[PDB]
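Here is how the chains run, residue by residue.
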Amino acid sequence: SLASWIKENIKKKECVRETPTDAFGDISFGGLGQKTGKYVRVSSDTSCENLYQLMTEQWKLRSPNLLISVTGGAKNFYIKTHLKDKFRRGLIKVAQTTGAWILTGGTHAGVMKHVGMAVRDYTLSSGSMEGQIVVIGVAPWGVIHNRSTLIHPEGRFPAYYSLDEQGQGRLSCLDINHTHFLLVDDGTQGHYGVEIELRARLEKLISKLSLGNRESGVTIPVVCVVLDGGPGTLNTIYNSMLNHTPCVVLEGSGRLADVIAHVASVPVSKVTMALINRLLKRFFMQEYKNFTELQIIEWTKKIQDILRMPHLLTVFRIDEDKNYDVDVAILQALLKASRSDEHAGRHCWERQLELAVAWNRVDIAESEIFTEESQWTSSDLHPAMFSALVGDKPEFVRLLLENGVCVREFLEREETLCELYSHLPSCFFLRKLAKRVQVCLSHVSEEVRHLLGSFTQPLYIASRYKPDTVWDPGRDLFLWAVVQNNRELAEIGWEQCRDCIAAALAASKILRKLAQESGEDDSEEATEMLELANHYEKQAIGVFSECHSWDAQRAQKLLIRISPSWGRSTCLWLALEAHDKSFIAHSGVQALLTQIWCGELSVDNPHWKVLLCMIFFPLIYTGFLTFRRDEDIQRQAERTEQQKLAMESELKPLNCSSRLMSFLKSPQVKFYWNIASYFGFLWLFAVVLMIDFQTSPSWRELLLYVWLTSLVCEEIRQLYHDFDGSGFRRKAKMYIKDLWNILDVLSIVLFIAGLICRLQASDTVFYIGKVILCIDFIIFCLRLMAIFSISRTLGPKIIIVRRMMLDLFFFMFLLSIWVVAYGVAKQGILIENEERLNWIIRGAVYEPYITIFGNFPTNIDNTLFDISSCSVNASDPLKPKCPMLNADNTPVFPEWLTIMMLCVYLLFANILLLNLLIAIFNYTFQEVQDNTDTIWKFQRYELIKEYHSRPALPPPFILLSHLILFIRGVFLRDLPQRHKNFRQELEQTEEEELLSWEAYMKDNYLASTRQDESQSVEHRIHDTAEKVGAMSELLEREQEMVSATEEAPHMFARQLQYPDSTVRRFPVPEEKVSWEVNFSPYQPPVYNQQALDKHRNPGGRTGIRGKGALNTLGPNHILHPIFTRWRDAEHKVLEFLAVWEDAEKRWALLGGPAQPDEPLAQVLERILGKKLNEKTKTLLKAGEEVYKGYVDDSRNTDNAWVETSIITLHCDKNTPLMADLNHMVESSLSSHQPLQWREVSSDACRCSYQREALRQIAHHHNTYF
Amino acid sequence: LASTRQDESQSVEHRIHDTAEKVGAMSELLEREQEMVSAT
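Residues numbered from 1 in each chain as written, not as in the entry; some residues may be left out. Chains lettered and ligands numbered in written order. Part of a larger assembly, values for the part shown. Heavy atoms only, no water. Residues with missing side-chain atoms left out of burial classes, pairs and counts.

- As deposited, the entry is annotated with cryo-EM as its determination method and 3.8 Å as its resolution.

- Going by what the PDB entry lists, chain B is known as Transient receptor potential cation channel, subfamily M, member 2 and is assigned to Danio rerio.
- Its official PDB title, as written in the record, is "Structure of TRPM2 ion channel receptor by single particle electron cryo-microscopy, Apo state".

- Named according to the PDB entry, chain A is Transient receptor potential cation channel, subfamily M, member 2 originating from Danio rerio.

Next comes the structure, spelled out in structure tokens:
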């Protein structure tokens, strides 16, 4: 697909004229079939945007994070084989982990061969799972030796290529372990240095690639490392340090590296042509002998030039100590370069972090930026927190949260949360949110409400995120972490939540709904979401079981309460709805359900006593079963007595009359009265059906009618008064789902059908109407067995019978085939064609089907003539046709054949079929035993809630209580205590103390599992292996350790390039800088811009002769008056009306050119734009004389130079001459568009002349204290 | 193939065999190191 673009956009060069390019395809090497490097060509100049697009969007290479540049050498060199291993290891450690791009001249010659051995020696050890080591390479297209192996205008995409390097010469080869190839063409096949400008321009361009991607405009870091190099190698390093963007790191091994590493110990003024000559002589010792002496002056001067900047240079120092690998050294030297730059301020630390964020690496950054000395503030880490959340890097978020970011300060405003929802990676939740937007927070909340359930209330409300819908910061971060299926963020989020158990179960329900809805992305939803949901289930069980061991009487209140965070739903309902079989089987919740179902009367009282108390009502008032109220009163009195006895050496009182009326409301009582009424219904229906039936209705049948309709009315009122009552058909969909409801649904219909037929009052219909009602009595008897499913003993018995129902029909079919076959054979053999179809079916299907169940001696009922009659076609009165006879009273067919056939038939029928049918059930029964315990507990809740919402009276009188409930309902007042022991709303202080208690219990739990995980064997072996692996390497290194036994010259006027021209100044060392010494070959070129022996430069030699951009020779003066005053009225800080130029954006001084013999008032009016010089006229006698003398600058020559006189006029606290000057302070001079009294300081990181003047100004003011 | 090589070097029955070999190398070497100091 790329071939359409790559043959339409990219040109080439030939003959210089241009043409559309060629040579495109992916080079694959014959050795290891694990590489496939792409090859593309390009011209000397190619569109920069197209180059970056081809590098970024085309070849699927991800975004660049760090650009590192290995350069130098190109021929060969040898490392003493100790530094090379550290070098190869570190240069891959850094690139691998920071998604870096490393570039090199890609040709198997010298330095790139070492990079290739690095990539090859690592690429087997990692396995290349993800994040490949992107290594980009630059090589000219003419100088490849075996060029014909891929040249084609339509390309050759799976091209094979073999290595050859015997054809060396002007031609060169191509390397082995790279991954990406860019090829440049200059048109001349016999050219080597055609790739320099494209490299330098591309790197300097690309440095600005990371702009507009994030919150702040900080440019990407670029580094150039050179191990060994020729003469040209220094020039790229100088052009880089002049570009002032990269750091440059050097090592010990190389020749030119040893040159710079030796000069880096000596001072910059101590560098001399003779001293550098004496140093370089004992460095190469081939080229030191073969030195070109017409350029060595430039060499000495250039090294003296590049050692002037002492903070963009770092060196390895011959592996001193063990400063780890080279990975950090580069990474720290990048930051050390990064601090001293154009920005002065808070921004150094501010900019500095964001680099640590963008790299996945945390250790270096953490140590440097989080030193003990430094102070912080929880406001100033917010942008780094935000970028660390969106980029989904967990450990860095944990580090920022441990060190002083409070979650409560971070989500103070709604806008931050709105923006944080705008960066989800793609998931099923994101697709559903995209469907809903066809982002304000309400669109989130509607989708969350649909996920969680229709019953709960909406979480967020628009423009009320400040303090229903109360604000906790915790659930917002936890929910945002949960819905994108990210484990390492969610495990941090759960430790932040105020309340815990409700949150964990809510996340469980969200994930199981999101899994059972999606179903298309099979791997993700099938594995990750279900594993995560079971994990948060396990966390919830652990926290609750830790709370239950401490003191259970607050644990139940924790289990009941309404949680206002999650939408005023309780906690038990969430676990109940989400099909969490494991949480609901925990012992404390079962004890809660037993204590509820057990009613007012206290638990642990045996059923025999309970039923006998139901038999005689006053035995309760006498006291035969214990009660909760008196047991608690006795226990409280016993606890009080125990406390009094330990010192020595609230609870309601009990009612007397309402004892009984409180007894008659517990569900254990109503279940027994309802089952008594159910036997009563069976009795009444039998006695009406068998005895009391008539053509006219009796009073018994009317009692039957009303009692049936009372059952129907109580079922309907227990529909609409349940929880989740708002809305329609949800409880209907809940109810119709299962098998046992079908029976009631059939029976209530068929009963009414029977009543219609019964009242229809016809001759023949009345019979069928009695028939249907006699059928329905079977169903009304059949649904009692489901009522006897409640008990634990009979609970799992019925499900095993329910499970194996299906196989019996297919088995019966298989047997019926065999019996029909036997019957048709038997009747066909010894009987002629019979015209009677009823006799055919009765002797063909029935008689064999009746044969198989009789006893085998009884079954042989075989003689010729007992009851069959056949002289006639078919004696009608129940006589089958006779068997056909040969002799008189003799079967032509032998009777023993019938015997033998019947023996084989019943032998196959009995032992071979039904024992298989039996054998199915025993194996299944043995197999099904393990998983039963839970489902029964879930059904145990499914029962209990019904009877707690049923009127107390038995079902014969449930009509009157239903009428009383409706008459209460039409009263228009509704404040029910319906489920007043399920939904509980707490007071304020009880809730606060309770949540703090359970948070303390959670913080106990997590420490418990961390101490119990680090005691297992399967962890501790993995620890000992790592410690042995560290101790082994170290010993080798230890063995190896034993095995090894001011600013006097001007520095701005000696720029090797003159400013704003093409001429080059003469190279001037530091020793021969002054006029005292004499240089013998000293011959500077004379180039005035656009009598040169009139004056001499007082600083020294400059290598520049003439008047270089100056109106006169010699001293050029410029006075710099400083208009200063106080910042505040309290004299806390100082300030000066400095300029800030629109071209340079720098806080520069306000001083123009002072001419020789210039009046200060007129020059002040020119430099300040005095529309009112009376304020300066009263202030002509202010202070002056800060500094005066020679100023180093790039413009200085041997004839002209620049001198200056610094003046500082600081007024009083009021500064009465500053109002008129501040009113006329505008964009007057048209270069400084802002111009105000910026606050002064002791800043030595300012303009070079002004830094010393401000340092003297602070030395004047603040040294008094 | 990379998946099974990374999942084979995480089992216990391999990693014990690795630690035994590294302990056996570190023991011999210490004796030789003692001898090196032992020669003055």
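Following the structure, the description resumes.
Quick word on the packing of aromatic side chains
Residues and elements named next belong to chain A.
Here is step 1: Between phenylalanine 544 and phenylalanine 583, the ring centres sit 5.9 Å apart and the planes meet at 70°, which makes this aromatic pair edge-to-face. In this pair, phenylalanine 544 sits in helix α22 (residues 522–550) while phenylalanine 583 sits in the loop between α24 (572–577) and α25 (587–597), placing the two residues 39 residues apart along the sequence.
Here is step 2: Grouping aromatic residues by their ring pairs yields a cluster made of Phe681, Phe685, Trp707, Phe777 and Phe780.
Here is step 3: The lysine or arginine in question, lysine 1002, covers the ring of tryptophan 494, its NZ or CZ lying 5.9 Å from the ring centre. (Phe/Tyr/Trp six-rings, centres within 6.5 Å; stacked < 30°, edge-to-face > 60°. Helix = DSSP H or I, 4+ residues; strand = E, 2+ residues; numbered from the N terminus. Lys NZ or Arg CZ within 6 Å of the ring centre and 35° of its normal.)

A look at the interface of chain A and chain B
Here is step 1: Contacts between the two partners involve seven residues from chain A, matched on the other side by eight residues from chain B.
Here is step 2: By residue class, the composition of the side of chain A that touches chain B is four nonpolar, three polar and no charged. (Contact = heavy atoms within 4.5 Å. Nonpolar A, V, L, I, M, F, W, Y, C, P; charged D, E, K, R; others polar.)

Notes on the packing of helix α13 (residues 382–390) of chain A against helix α14 (residues 394–402) of chain A
Residue and element names in this part refer to chain A.
Here is step 1: The interhelical angle for the contact between α13 and α14, taken along N-to-C directions, is 155°, at an axis separation of 9 Å. By the criterion of interaxial angle, the relationship of α13 to α14 is roughly antiparallel. Here α13 and α14 pass one another in a crossing that is left-handed. Residue-level inspection shows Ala384, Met385, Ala388 and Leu389 of α13 in contact with α14, the latter providing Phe396, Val397, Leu400 and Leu401.
Here is step 2: A breakdown of the residues in the contact of α13 with α14 according to their chemical character gives eight nonpolar, no polar and no charged. (Axes fitted to C-alpha atoms, helices over the stretch in contact; angles between N-to-C directions. Parallel < 35°, antiparallel > 145°, perpendicular 65-115°, else oblique. Left-handed = near helix turned anticlockwise from the far one by under 90°.)

A look at the sheet that holds strand β3 (residues 25–29) of chain A
Strand pairs in the sheet, formed through backbone hydrogen bonds, run parallel or antiparallel to each other.
All names here are of chain A.
Here is step 1: Strand order in this open sheet of 10 strands is β8-β3-β4-β9-β7-β6-β5-β10-β11-β12, and the pairing throughout is mixed. Each having just a single partner strand, β8 (158–161) and β12 (313–315) make up the two edges of the open sheet. Between one strand axis and the next, the sheet turns through 25° on average, direction left out of account.
Here is step 2: Relative to strand β4 (residues 37–42), β3 runs antiparallel, the two sharing three bridges. Along β4, the bridge assignment pairs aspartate 26 with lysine 38. (Pairing = 2+ DSSP bridges.)

Description of the pairing of β3 of chain A
Here is step 1: Where β3 of chain A meets β8 of chain A, four bridges bridge the pair, whose relative direction is parallel. Note that in β8 of chain A the partner of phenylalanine 29 of chain A across the bridge is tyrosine 161 of chain A.

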